[PDB]
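Data first, discussion second: the structure below is written as structure tokens.
Please treat every number below as a calculation from the coordinates, not as lab data. Methodologically, a virtual Cβ is constructed for each residue, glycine included, from the backbone with ideal geometry; neighbour enumeration extends over all protein chains shown.
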Amino acid sequence: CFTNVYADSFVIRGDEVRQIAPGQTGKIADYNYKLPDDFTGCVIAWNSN
Amino acid sequence: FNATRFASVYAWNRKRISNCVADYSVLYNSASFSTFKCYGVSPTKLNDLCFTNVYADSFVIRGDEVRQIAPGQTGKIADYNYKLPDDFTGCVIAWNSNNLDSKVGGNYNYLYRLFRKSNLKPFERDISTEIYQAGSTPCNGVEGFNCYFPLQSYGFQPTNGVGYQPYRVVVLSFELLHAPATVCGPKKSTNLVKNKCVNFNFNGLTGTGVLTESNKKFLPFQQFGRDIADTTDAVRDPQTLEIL
Amino acid sequence: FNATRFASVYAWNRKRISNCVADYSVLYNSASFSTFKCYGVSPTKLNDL
Amino acid sequence: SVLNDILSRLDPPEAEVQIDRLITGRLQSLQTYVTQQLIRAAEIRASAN
Amino acid sequence: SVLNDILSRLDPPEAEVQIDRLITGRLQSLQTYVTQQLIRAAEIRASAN
Amino acid sequence: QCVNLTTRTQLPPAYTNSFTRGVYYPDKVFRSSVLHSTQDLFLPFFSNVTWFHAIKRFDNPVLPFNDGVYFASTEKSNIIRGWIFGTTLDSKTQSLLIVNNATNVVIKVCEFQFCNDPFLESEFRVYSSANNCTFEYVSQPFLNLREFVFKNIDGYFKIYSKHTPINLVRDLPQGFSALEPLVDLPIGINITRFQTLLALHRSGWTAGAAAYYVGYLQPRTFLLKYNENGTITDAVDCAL
Ligand SMILES: *[C@@H]1O[C@H](CO)[C@@H](O[C@@H]2O[C@H](CO)[C@@H](O)[C@H](O)[C@H]2NC(C)=O)[C@H](O)[C@H]1NC(C)=O
Ligand SMILES: *[C@@H]1O[C@H](CO)[C@@H](O[C@@H]2O[C@H](CO)[C@@H](O)[C@H](O)[C@H]2NC(C)=O)[C@H](O)[C@H]1NC(C)=O
Ligand SMILES: *[C@@H]1O[C@H](CO)[C@@H](O)[C@H](O)[C@H]1NC(C)=O
Ligand SMILES: *[C@@H]1O[C@H](CO)[C@@H](O)[C@H](O)[C@H]1NC(C)=O
Ligand SMILES: *[C@@H]1O[C@H](CO)[C@@H](O)[C@H](O)[C@H]1NC(C)=O
């Protein structure tokens, strides 16, 4: 049981998978999407070829 | 990294880098997937620190043995062509190179040794191509009865599956000891403050305290002093070579 | 190997040998062997593994 | 055995498994020292009495 | 319990963790044995006095 | 000239005892007023060493390079010049050469066609060919007791030296003197044997007696003592 779930979805290619990572800071990550070091949850990447 | 020709596994080329600035930002200009699994250090922006000497080694590994290059690992080539010590600290970079090494004509310039009868010590170079003898009868330059050639070619062709495709790799090794550092990251210097409680950073020697003049009879080869408790008591400025 | 009557091309005696110890030094006596190729394992060391 | 180097060389979720050994190793030393002192103090009190 | 099998039946690079558990476990057990003797020796000396 | 000459008659070398010589600073860290215990390759205390006498019986034979070598020579006018190393001691394989001149020293590592008795009179009468010299470095000359410690660990050739001015004709004297580091040479190849050379005014012809001792290093544990100054004043050999 969880208090709440926050979902964020956007189109990101596989090249940005390593830079947009949980707790792994990046140059693009600092300016677009920054995640806390203690982030709890999961990230699901779906094919859109 | 982007050399025209890479040497074989049994004879890898070792390159020495010293007395310069090592910018680690160029690793993300090459092919997208470049494995960066590091030992002892974290490459995630934490590679900006001073090292003493750097050794670079390169060869081409098939996917059947891509993970053989690791400390405390055994396998076809781990114990016969390239051995990594258990206490090894460094990084291994690997990326696919099917677009370069694999050719329609045929790539047979790459070989790997199988017959040695003895293991490999960490960082050993074996260059002998003599015919191995597994029996009492000497080979005398012919194969057959317990006489097999250690050097086997790779037969890289593009048609073969991704598992057999050749990947170009490179391995980086450093050491961080009391010797003066020669390679450092991109850090900007700053003026010196004395008689004030400030932080400091001397080639990665981060700390806190008060820097003052020292009367220590430092010898020219001596870098920093120490006290009874085995702690850094005095230091020498890397730029003005002043003992503090 | 020392069998006078050999099997046919499409009818080969698929003999399975279990619960035994295997020695490959004794079969190497004959010098008339021409091709000896091993796939996936070394020609030597076969006794150990 | 230097805390600053460990922090300045490893990512946060890596350093935790390294600092814990240092902290517990140093906590054991302090606990050992106090236990010997309590034992010695009791012997001294006997001589003082 | 046998540390020999840890070196051989298990890989070198990770075995240092298991060896640490054995070394730390036994070293602490040795420490406990000494502390009791120091307490016991104090009790005996009161009797001897 | 360095052609086959057998003027020197081979005799068994003499032996002499090294009492408290062969101590070097093992690290760049600076300590004072403490006793520090370290483990490193060292010349064992009271370990006897080979005694060589040059001259017209010049004693310049080949000697194995066994895990570091202690060298000393009590001779005037710095007759000795340099040292050479290597495995096959010829152009077939790589070798290391260190020599000296009037006002500097020359260090190269490349294949040389070494003759039987290379010597320096002579100017370049020690070899005849050079394949490819990966390293070269010229510094000030090392220039009556002169002591040298050679160490080749992990491919870093290290030299420790000390020039002590004394005037006597006896053997190695009792006394203590820590050797200070001089250079660090990254070469990366191994060495099994080594040989020395001297400035000989070959053909009358100027000559004089020369002597030099050779001692081998072993892995030992030592307890060096630092005074309130920067110097090492005494040491203890643990396993003596
Ligand atoms: C330096 O390396 C060479 C290898 O190129 C060694 O030469 C061989 O070493 C083995 C091991 O002792 C000997 O059995 C061979 O006889 C050597 N061959 C020759 C031509 O010398 C050499 O021994 C190494 N040197 C040291 C001091 O270890
Ligand atoms: C420690 O080093 C100092 C150098 O600053 C020595 O002080 C000088 O020592 C020499 C001979 O040792 C004397 O002739 C000088 O007069 C001293 N000068 C001063 C200002 O002290 C000191 O003696 C050294 N200590 C030892 C034990 O040798
Ligand atoms: C390719 O080599 C050039 C040579 O200077 C270098 O500048 C560039 O960064 C390299 N590209 C890589 C390694 O992806
Ligand atoms: C040097 O010491 C060895 C060690 O036993 C011994 O042979 C002798 O005392 C000395 N050597 C010779 C050849 O006399
Ligand atoms: C060193 O001394 C020699 C004397 O043999 C001389 O010819 C030479 O010019 C000097 N300098 C160098 C760099 O060799």
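Things to note:
- Looking only at residues of region B:120-155 that are away from chain C (no Cβ under 11 Å) and in contact with a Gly (Cβ under 8 Å, 6 or more places away or on another chain), we find that the one that is surrounded by the most Cβ atoms within 10 Å (Cβ to Cβ) is B:131.
- Count of residues meeting criterion [part of a loop (DSSP other than H, G, I, E, B) and under 25 Å from the mean Cα position of the chain (by Cα)] in region B:132-187: 14
- Flag if residue B:108 is surrounded by 13 or more Cβ atoms within 10 Å (Cβ to Cβ), more than 15 Å from residue B:171 (Cα to Cα) and among the aromatic types (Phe, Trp, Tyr): no
- Residue count for region A:29-49, restricted to those that are exposed (fewer than 10 other Cβ atoms within 10 Å of the Cβ) and within 14 Å of residue A:10 (Cα to Cα): 4
- Just one of (1) in a loop (DSSP other than H, G, I, E, B); (2) more than 16 Å from ligand 1 (Cβ to nearest atom); (3) surrounded by fewer than 18 Cβ atoms within 10 Å (Cβ to Cβ) fails for residue F:117. It is (3).
- Filter pass, residue B:31 being of a type in the set (A, V, I, L, M, F, W, C), outside any strand (DSSP E or B) and more than 16 Å from ligand 2 (Cβ to nearest atom): yes
- Among the candidates B:77, B:61, the residue that is under 20 Å from the mean Cα position of the chain (by Cα), buried (at least 19 other Cβ atoms within 10 Å of the Cβ) and not in a loop (DSSP other than H, G, I, E, B) is uniquely B:61.
- For region F:1-59, a tally of residues being within 30 Å of residue B:179 (Cα to Cα) and either outside any loop (DSSP other than H, G, I, E, B) or within 16 Å of ligand 1 (Cβ to nearest atom) (or both) returns 11.
- Tally of residues being under 32 Å from the mean Cα position of the chain (by Cα), part of a loop (DSSP other than H, G, I, E, B) and surrounded by 14 or more Cβ atoms within 10 Å (Cβ to Cβ) across region B:202-233: 6
- Residues in region F:183-240 that are acidic (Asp, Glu) and surrounded by fewer than 16 Cβ atoms within 10 Å (Cβ to Cβ): F:184, F:228, F:234.
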